[PDB]
Ligand SMILES: *CC[C@H]1/C(=C/c2[nH]c(/C=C3N=C(/C=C4\NC(=O)C(CC)=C4C)C(C)=C\3CCC(=O)O)c(CCC(=O)O)c2C)NC(=O)[C@@H]1C
Ligand SMILES: *C[C@@H](*)[C@H]1/C(=C/c2[nH]c(/C=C3N=C(/C=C4\NC(=O)C(CC)=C4C)C(C)=C\3CCC(=O)O)c(CCC(=O)O)c2C)NC(=O)[C@@H]1C
Ligand SMILES: *[C@@H](C)[C@H]1/C(=C/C2=NC(=C\c3[nH]c(C[C@H]4NC(=O)C(C=C)=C4C)c(C)c3CCC(=O)O)/C(CCC(=O)O)=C2C)NC(=O)[C@@H]1C
Ligand SMILES: *[C@@H](C)[C@H]1/C(=C/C2=NC(=C\c3[nH]c(C[C@H]4NC(=O)C(C=C)=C4C)c(C)c3CCC(=O)O)/C(CCC(=O)O)=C2C)NC(=O)[C@@H]1C
Ligand SMILES: *[C@@H](C)[C@H]1/C(=C/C2=NC(=C\c3[nH]c(C[C@H]4NC(=O)C(C=C)=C4C)c(C)c3CCC(=O)O)/C(CCC(=O)O)=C2C)NC(=O)[C@@H]1C
Ligand SMILES: *[C@H](C)[C@H]1/C(=C/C2=NC(=C\c3[nH]c(C[C@H]4NC(=O)C(C=C)=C4C)c(C)c3CCC(=O)O)/C(CCC(=O)O)=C2C)NC(=O)[C@@H]1C
Ligand SMILES: *[C@H](C)[C@H]1/C(=C/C2=NC(=C\c3[nH]c(C[C@H]4NC(=O)C(C=C)=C4C)c(C)c3CCC(=O)O)/C(CCC(=O)O)=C2C)NC(=O)[C@@H]1C
Ligand SMILES: *[C@H](C)[C@H]1/C(=C/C2=NC(=C\c3[nH]c(C[C@H]4NC(=O)C(C=C)=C4C)c(C)c3CCC(=O)O)/C(CCC(=O)O)=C2C)NC(=O)[C@@H]1C
Ligand SMILES: *[C@H](C)[C@H]1/C(=C/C2=NC(=C\c3[nH]c(C[C@H]4NC(=O)C(C=C)=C4C)c(C)c3CCC(=O)O)/C(CCC(=O)O)=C2C)NC(=O)[C@@H]1C
Ligand SMILES: *[C@H](C)[C@H]1/C(=C/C2=NC(=C\c3[nH]c(C[C@H]4NC(=O)C(C=C)=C4C)c(C)c3CCC(=O)O)/C(CCC(=O)O)=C2C)NC(=O)[C@@H]1C
Ligand SMILES: *[C@H](C)[C@H]1/C(=C/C2=NC(=C\c3[nH]c(C[C@H]4NC(=O)C(C=C)=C4C)c(C)c3CCC(=O)O)/C(CCC(=O)O)=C2C)NC(=O)[C@@H]1C
Ligand SMILES: *[C@H](C)[C@H]1/C(=C/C2=NC(=C\c3[nH]c(C[C@H]4NC(=O)C(C=C)=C4C)c(C)c3CCC(=O)O)/C(CCC(=O)O)=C2C)NC(=O)[C@@H]1C
Ligand SMILES: *[C@H](C)[C@H]1/C(=C/c2[nH]c(/C=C3N=C(/C=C4\NC(=O)C(CC)=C4C)C(C)=C\3CCC(=O)O)c(CCC(=O)O)c2C)NC(=O)[C@@H]1C
Ligand SMILES: C=CC1=C(C)[C@@H](Cc2[nH]c(/C=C3N=C(/C=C4\NC(=O)[C@H](C)[C@H]4CC)C(C)=C\3CCC(=O)O)c(CCC(=O)O)c2C)NC1=O
């Protein structure tokens, strides 16, 4: 994964180098910001069910055809409603994985690589997932540099869908 | 059997040694499968090869 | 058996060699425990009929279905065979303290108990309910010494682990 | 590396079992015997340069035929190796006191020693002439404890019984 | 194979040195805290069967897709092997705690386990979670801080034996990763 | 390659779980160990030419068959590769110190090194001797309190020594 | 790769023979079914996305452990590789329909596909029921007459269903 | 000598020459008193087979005096000698206690039975006896089942048979024989796939994957490869070995496809000259030109002759070419 520690090793192994002060300062910047990152991942984990059911309802108010239109792509059956709240939980879980690691590395490996062929094949549209992630950005209840850390990985997921 | 025709060389940067122990930020990032990369890092080899042969566009 | 003498002699016999210096430090560790282990065998030898009386009906108080028609405690006669079935395992714990190792348990009480208790439809979970009661009823200075209750309880967890 | 720990673990490993109560009682003697056994180990570490000179020189008093041409002690570079061939043996006795058992002697000194002491025509009665001189040039009040000169003397005639 | 005393000797035989006095101070405190080590192995072996049936049940309740048809704990033959795949890990750790060295699980258990597990299709990230639960149960018995069972020891401190056994469980996870 | 923070994330995704509060609080303890970890790595990288050269010179002192004519280390090209191989391993052990786990030591250094040395005829047991002489040359340097606040960091020197044992049993 | 024409030619050069008249006739018979063969390949190609994406959706509905976390098609990297594999099998079957013999399907798609899924951990019996679903979806879709002149076309869909049966047995 | 066509024979030039000569058949029930010069040959032939060309020093042998005495008395080769010898300490030291459990099963198949465990069920049939009954009944299961009695006699030494068609195993277990038994001047400690410390056929023995056979003594006898999976489910790394399939459009373009294995790749001997380069000897990352020896390739037919010249003119040597 792309973490701040494996991208300092890889730039030092590329130059055939021991770990200089260029690389020790970079790992030290991870350890400074990890105090605000590990409380954002603890506060998003503990309030996750409030955020998943909320963010799935925010898609249904905004795009109400997804509950009325028949077909397997839409949240009109009880099966297709549980697969929606499944997917909101997948996106929220990857955001907490990026806060504990630092850097958009877990969702670059588990989520965004091959995502366009999934949305194209099963006829899912990425504007349903932007609306769900814009709810979580506005409703996680964090503040300060703890909200600054969480919102920086919400906006990475939106920029890959937008 | 028609060999290739002879042309003359020219002075270029790569024909001559750089002394360059401990390279810097302009060292240009070897992407190799000799470092045994995982699945997330073989995606970066593939994007680097697309950038080099095709354009970024 | 499996004890401290039978282990260093067999490993001497399985290598064709005389009793070495490390073969004698082990018996030295049997001298430093016999005076802390044979008084656990002394207490159990004179108090067993009150131990199996209350540990035997702690399983019938737990699993009360056994006194049904078609079960393992159908009549009074098959209840008395279970008290005899329990007063063997306390007798073999007494023999493991005397020998020092767990040889008498896993050669007369454990070996073949899976095939027997599956065939005759005897639940092993009621055996370990009668042995876990004894392990918890023990008080350390009241019933034994401070380290005699470590030896006696170390064999009641060999019985429970071997029947599970 | 045979010792008291590696023989009760190999006994438990070859049966697929957890360490029983016998395996823990074999270590309470290893705890007890360690003070006598480690006391002789440091008395031999800080005295080996003088014992090796005394032991190797007792070889060339019973055996003066080694100094002749053609025999094993013909020149001083070969007389020096017999002092080294003995200083190797007192190190392996020092290892057997630190370990506890006779592990390093039969692994590093005795294994294949009869082949080397037959091709090179080294006599083996002059190897036992040195260790047997050390074993009875010994004061258990003075040089060691009383119970450290029984553990130190045991590994010496183990080496003699191996080489004979 | 190599216990705490054989580890010292093979490092002195590399230098052909005598084992003197400055290197016997690690071995004089190995013996002085010898009863605490035997009090530590006794707290694992006495409830080792309960330690395994809680660790692989706790692995399944977290990953319920292991027992689905196609999972790696689906059949009765596969679940029975997992129940001893993790009972033989706890066995070789208690050999290593008894001998004070890791040269028996790294020579009879950990060698070539990662090649064995991906030949069979065993998910390693769940095999580490089963071992990780047993490490939490092990330090809760060395220190007398188990919730459902208190044992009878003397008074004192065993935070060096609790962290030694937690370092024996971490090289199991570092071997199949 | 992975660090210690992504090792616990790759294991939570494989079961589809959020990280529990115990795994978070065990990760924040690794963060406050972070200044003591950067001291150990700085202490090795600033003595790196003397870790290699001294433990090389101490290796051909007790093993003079390596540099005797016919030995594996006898010529200038083979002596230069023995010093490169000592520097490579010490480089990738210090990489696995800032990471926290040995995933970078395993793949891009140690995977296929017993197979490489057996192909060339390098005595792989002598390589394990040289790795264990750079171990106690840098375990001794991380226990040096020169220019540090005197606290306790005995748990990371027991970690750094384990990466040297990992590389030494992997070439024999 | 060979078609039905060059297969018969390649078996004659090994003996050093001309083609017999009974083989020019059997090769001229499949020319007369030329338009009927191109209608089948055009039907499978024109519905290529709907053959795959319905068979996959019907696959995870009955085997839901392939997509629940820790399954072999749980991540969007692995899930897009599963959908890629289903339309590699479909693409090489319709190459074999145009040629007339399974040589392109047997060489560059099927030879070593069982050993590939075994070495990765992919359940090969689940790839068989993913191929069987696309057979029934494309022999029912080559059996409707909308757009084609109604003649008889049953000797060729028994061949097309024979290429799907060849692919589903060489994944286990 | 190597080859398969010279002496109109092919198995004695794979390292099985001296094994194809001996019987060691023990033509009488008990040993005749007065003499030892005939049964000492039977004793030592049993030692070189059951221990697998291992060295046993005369003090190591003298531990096993009792046994050698009962076999010379009125007792038999399989049950009183080969079963007693495998329960000594000189056997358990080298083949049991140094290895994991599957290393022990693979060496008891090689030593006692003379063949290879093919498939996971030959391992599992012998693994389950150890978990319930310890070591001393785990050795019995290699003897007291229905394989030993029908192949070897009561008084014949258990010769090698895992290569021939009578041992009805597989053809993948044919190739696994020439990984275990690498010639006659070799032992179990002395071959580079098991150094008495590991499992020789771990991934290939479980999955029944056939191996390329490399003859002992050939130029390329030092070929050894390390193991890593690939694919993200098993969390593996790409770039170590070559594939064994040749699957895509590169399968049948450029002709049919082969799998080539190279071994000897040093740092001098790359360029189009005869001598090593002089100068810096390494690039700035100072790895190597070939970061590991023993590279393997997947190549078509029309690129086989340019690859062959790239392999040999840069120092490498070809160990095996198998068609894919
Ligand atoms: C629903 C499908 C089932 C499934 C598919 C699956 N396959 C892979 C990985 C690979 N598949 C191939 C096969 C080919 N590659 C080709 O180029 C061609 C053309 C000739 C074929 C036939 C290969 C080579 C791989 C490995 C390379 C890669 O990973 O891309 C995967 C990913 C497995 C992994 O962990 O990497 C999946 C998920 N698996 C299922 O679960 C379904 C049953
Ligand atoms: C907000 C809910 C909206 C919605 C959801 C919906 N999604 C699906 C199906 C899939 N979604 C995925 C996505 C992922 N899988 C992953 O592993 C990851 C990374 C961790 C992601 C992002 C996939 C693979 C599928 C198909 C398989 C499956 O999970 O069942 C469906 C079902 C579509 C179908 O044809 O079955 C729905 C209904 N759709 C809505 O209408 C909501 C607005
Ligand atoms: C009869 C054989 C002898 C004799 C024997 C006595 N030995 C006595 C004590 C004793 N011996 C040892 C060493 C022994 N114990 C061990 O654990 C090991 C090795 C592991 C050995 C070799 C010890 C430690 C002791 C205890 C006292 C001590 O030495 O500190 C002994 C005393 C017992 C008593 O008096 O009641 C006797 C009589 N002595 C003899 O005179 C005959 C010839
Ligand atoms: C930390 C792990 C524990 C704890 C350990 C202590 N144990 C102490 C003493 C002790 N334990 C035993 C039994 C043990 N020794 C054996 O030989 C055998 C069986 C063969 C066993 C199970 C003994 C005998 C002793 C010594 C007591 C005595 O003198 O008889 C102990 C105190 C001694 C010391 O620390 O030196 C401690 C601290 N105690 C704890 O509180 C934690 C939970
Ligand atoms: C069989 C599975 C179908 C079916 C096939 C028939 N097609 C018949 C005639 C026909 N087909 C085509 C189209 C074909 N030629 C091309 O050049 C191209 C692409 C550019 C395609 C797709 C043409 C042009 C013709 C006319 C030539 C002719 O008359 O043969 C045909 C013959 C009629 C009959 O005898 O029944 C059949 C059977 N028709 C079906 O009903 C099933 C569904
Ligand atoms: C008691 C609370 C149990 C229970 C016990 C019963 N056991 C019965 C028979 C039985 N038990 C044993 C094992 C025991 N006998 C021994 O001789 C020794 C060791 C020396 C032991 C541990 C055996 C071998 C047998 C069969 C021979 C015999 O009957 O003595 C039994 C009679 C059942 C029957 O035969 O129908 C009972 C009722 N049953 C319970 O209800 C709880 C679980
Ligand atoms: C002195 C009491 C003897 C004697 C000794 C000589 N030994 C000679 C060579 C030699 N010795 C050993 C065994 C030694 N090497 C070890 O590594 C260990 C244990 C760790 C031991 C005990 C070996 C293997 C060798 C041969 C190697 C070599 O030559 O250096 C020796 C030299 C004889 C020669 O090779 O010409 C002598 C003279 N000889 C005596 O006079 C008394 C009997
Ligand atoms: C449960 C915790 C796991 C899991 C376990 C499975 N293990 C399976 C097979 C297996 N495991 C081993 C290693 C084991 N043998 C040893 O000797 C040692 C260490 C000394 C260990 C850890 C081997 C060799 C095998 C091969 C098969 C055999 O001999 O039994 C297994 C496969 C059973 C089967 O395929 O039928 C399972 C399911 N797998 C899991 O999913 C959880 C995470
Ligand atoms: C451990 C084996 C060492 C040791 C480590 C300690 N360092 C402590 C504090 C500390 N260290 C640094 C320097 C470090 N941080 C960086 O960002 C960089 C590079 C740019 C480096 C080299 C700083 C800035 C601090 C202060 C911050 C803090 O308190 O964490 C420390 C704490 C003191 C104590 O409790 O003992 C320790 C232990 N010190 C040692 O004694 C050994 C040799
Ligand atoms: C001495 C001149 C050498 C040297 C020799 C060593 N050889 C060792 C072990 C060994 N050697 C062989 C080959 C040998 N056996 C045969 O059957 C044939 C020819 C048909 C030959 C040449 C084997 C099979 C073994 C393995 C013995 C075993 O595994 O039990 C060896 C190590 C012995 C050990 O580790 O116990 C040595 C030291 N070494 C030297 O340095 C000089 C050059
Ligand atoms: C010497 C003081 C005796 C004497 C000894 C002889 N024994 C001879 C042969 C022999 N002995 C045994 C018994 C031995 N094997 C065992 O397993 C055990 C105990 C467990 C013992 C005591 C056997 C089985 C044999 C058979 C021959 C063989 O093993 O090869 C023997 C003759 C040797 C020969 O015939 O070549 C002798 C001389 N005989 C004496 O006259 C004095 C009293
Ligand atoms: C004849 C039409 C072929 C041909 C045949 C040869 N086969 C030779 C040896 C041999 N073949 C096999 C494979 C066979 N045995 C099996 O067990 C199985 C599968 C169950 C099969 C297919 C094996 C294992 C062997 C080794 C020898 C043995 O097992 O006894 C062979 C050489 C004999 C020799 O080396 O002296 C030949 C000539 N070769 C031909 O030229 C035609 C095409
Ligand atoms: C020195 C203490 C010991 C020793 C070393 C030695 N090594 C080599 C040769 C090679 N070492 C490697 C290893 C790597 N190359 C890499 O790029 C990496 C990073 C992934 C590693 C770990 C390789 C590939 C070679 C061969 C290429 C080369 O020759 O440089 C030699 C030279 C052997 C030769 O004959 O060329 C030597 C001498 N040898 C000793 O004796 C010491 C014990
Ligand atoms: C899905 C089902 C499910 C379970 C079964 C439990 C399983 C479980 N138990 C513990 C944790 C533990 N488990 C034990 C085990 C035992 N205590 C005893 O008294 C007995 C001897 C033995 C059980 C038979 C101990 C001693 C601890 C640590 C202290 C404690 O939590 O009690 C942990 C550790 C947390 C971790 O680090 O991962 C887990 C997962 N939890 C679950 O979610």
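Quick check of the header: electron microscopy, 2.8 Å.
Any Cβ shown, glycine's included, is placed from N, Cα and C.
Over in Swiss-Prot, the protein carries these features:
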type	residues	note
BINDING	E:50, E:61	phycourobilin binding site
BINDING	E:82	(2R,3E)-phycoerythrobilin 1 binding site
BINDING	E:158	(2R,3E)-phycoerythrobilin 2 binding site
MOD_RES	E:72	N4-methylasparagine
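Structure coloured by features recorded in Swiss-Prot.
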| residue | record | DSSP (3 states) |
| --- | --- | --- |
| E:50 | phycourobilin binding site | helix |
| E:61 | phycourobilin binding site | helix |
| E:72 | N4-methylasparagine | coil |
| E:82 | (2R,3E)-phycoerythrobilin 1 binding site | helix |
| E:158 | (2R,3E)-phycoerythrobilin 2 binding site | coil |
Inset, instruction - Do me a favour and check the Cα-Cα span between residue E:82 ((2R,3E)-phycoerythrobilin 1 binding site) and the residue listed as '(2R,3E)-phycoerythrobilin 2 binding site'; whole Å is fine. - result: 31
Inset, instruction - Based on Cα distances to residue E:158 ((2R,3E)-phycoerythrobilin 2 binding site), point out the closest of the recorded positions E:50, E:61, E:72. - result: E:50
Legend entry - Cβ under 6 Å from ligand 14: qualifying recorded positions of E:50, E:61, E:72, E:82, E:158: E:50, E:61
Legend entry - The one of E:50, E:61, E:82, E:158 whose CB sees the fewest other CB atoms within 10 Å, among these binding-site residues: E:61
Inset, instruction - For ligand 8, pick out the recorded positions E:61, E:72, E:158 that have a CB under 6 angstroms away from one of its atoms. - result: E:72
Legend entry - recorded positions whose CB lies under 6 angstroms from ligand 4, from E:72, E:82, E:158: E:158
Inset, instruction - Could you tally the C-beta atoms, other than its own, that fall within 10 angstroms of the C-beta of the residue listed as 'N4-methylasparagine'? - result: 22
Inset, instruction - Between the Cα atoms of residue E:72 (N4-methylasparagine) and residue E:50 (phycourobilin binding site), find the distance and write it as a whole number of Å. - result: 22
